[PDB]
Each structure stands twice: as structure tokens, then as C-alpha cells.
């Protein structure tokens, strides 16, 4: 039932370059760069990893508290989440620093070009998850969402000190972190999320075998883009699940992990809960921006059934009923 989404809160300002990035990269002097793109659209959208997720879990119908640091501009955002059932009492409002900001430009192809201002996100090292357990008691899961580095350890350290289930989700910081640090985020993980490119990367940097990784966690999940995802237990069960058929980029990843874990945390099986991830990923990918999408019992039904069976569908919709 109750999962607390520990991670980042941002506003996300996104643009679109209707040409192609390469065609300016190709001739440019890549040591003293002077890059400039003419964009034809600009959106501001509520974002952040821990907030795309909270909203997902909440809209899906489950219990979620948001644990992430933030600024004072954060009243519009807070009331936004609290209105759908997110419990924002545990967000840390900064005294000196604005809510983190994510700026991204995407092109026709669509390569990504981006900056990240952390703002108050760095203070998420000053939060104790105890004071949470106090307020609402000991959650079923603390998700260690991509965040401020030191927070991410502390929030992983503190789960282990309190016997709390966590779900490693280190996507963003694999690139930026060591083998040692990375492994110190993946010990006792009740879950581990990654794409396979990252999971390779992970294996190189950490120096572990796939095996002893699997000793230490209880369930690797690994999303494969247009293929699907591979959920895989230490006992080799390797349930595979394809996608609802796309036909956006940002958010999707966190959106799979939201439906999956809400579908999990309403008693559904690995597979069904994975089928539910795939539905919410694609609800995003078809929505203006990340978190201006609509949950609909009817829609989901008559669509969960196209990609998986009518057997498949009924159950997820039962449990979300």
C-alpha cells in the first residue's frame, strides 16, 4: 500500500528544434563550442523524478508520500499533487534556493541536449526518513529516485538501518558515479531498475557478475525500449513483457516504474504489474507533457486487452478498482 517516493522535484522547461542537432555539431569546433538552436516551441511542465512518480502512483489510486527537497515557489506544485492523493507533508521547503530546474532541447531525431540546476535539491541530505516513519509509519517501500547524490546514499543507508524495503532507481547517477558508490546504492535492494545499456554500464563500473548482483538484490528489472522489460529474480524466473504499442520522451521511464510499483503495491503479480507499467509509460508518451495525462478505467481496459489478453486486462483494472 504505502510507498514514499524519495527523489527529485523540478520544474521542466522543454523545447523543440524542428531541424537536426548533428547538422550544427558536424562542422563546429568541439573544444570552444558556440552552439545555438532555433526552437519553434517552449513548454513549462511540472517535473522532477520523485514528482512524476508520486503523481503516477496517486493518479493510479494508491498511497504515496513525497519525500524530496524544494523551494518556496513550490505552493502551486504542492497543491497540485496533494489534490490528487499525494502526501506532500514531508517535502523540505528551502530557505535560500529555488526549486531545481531541468532544461532540455530535443530535435527531430531526437537527440537530447540538456542542463540541470539542482537548487534546493542538494538539501535532501538534511532530511531523515525517521521523521517520516514517525508521521505516517514504516512504509512498504522507499524508492531511491534519482536525486542529490549524498541524499541518495543517506536515504539508502537509512532504509537499511530501519528495515525498509527500497527500490534502487539510479538511472542518472550511474554515469556520474563510481563502482564503489554505485554498489553502495544496490545492496539489499528489494528492487533494481535500469535500462540494459545502463545495466551493462553498471556491470563494468561495479565489477560485479550478474550473479552476485542478484545475490544482494531481490529483483532486477530492465526495460528495453521498443522491446519491453525483463523482470528476473535470483531464481532465474525471467518473465518478459512487451510494450503497449506506441504510435514525448522525458518521464516515460519514471512512468513505467510508477504503474509497475503501484500495480505491484496493490497485490498484482510481477507480470501483471509489468503490463500496468507499460500502460502508464505509454499514457505519458501520448500526453502533451509528463503529468497532464488522464487515468480512465474504461480506456485502460479496452487497450490493456489489445496488447495483452482480455484475461490480462480485467485483473489489473479489478485491483485498481
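Residue numbers count along the first chain shown, from 1.
The deposited sequence places 1 to 3 unmodelled residues between residue 247 and residue 248.
According to the PDB record, 21-29 carries the higher mean C-alpha B-factor of the two stretches 300-308 and 21-29.
Comparing 144-152 with 185-193, the higher mean C-alpha B-factor in the PDB entry belongs to 185-193. Annotation for 251, 228, 236, 71: 236 ranks highest, by Cα B-factor. Of the residues listed, 112, 115, 122, 94, the entry assigns the biggest Cα temperature factor to 112. Per-chain ranking of the deposited C-alpha B factor places residue 208 in the highest third.
Ranked against the other modelled residues of its chain, the C-alpha B-factor of residue 287 as given in the entry falls in the highest third. Ranked by C-alpha B-factor against the other modelled residues of its chain, residue 60 falls in the highest third. The deposited CA B-factor of residue 221 belongs to the lowest third of values across its chain. Residue 128: CA B factor lies in the middle third for its chain, per the PDB record.
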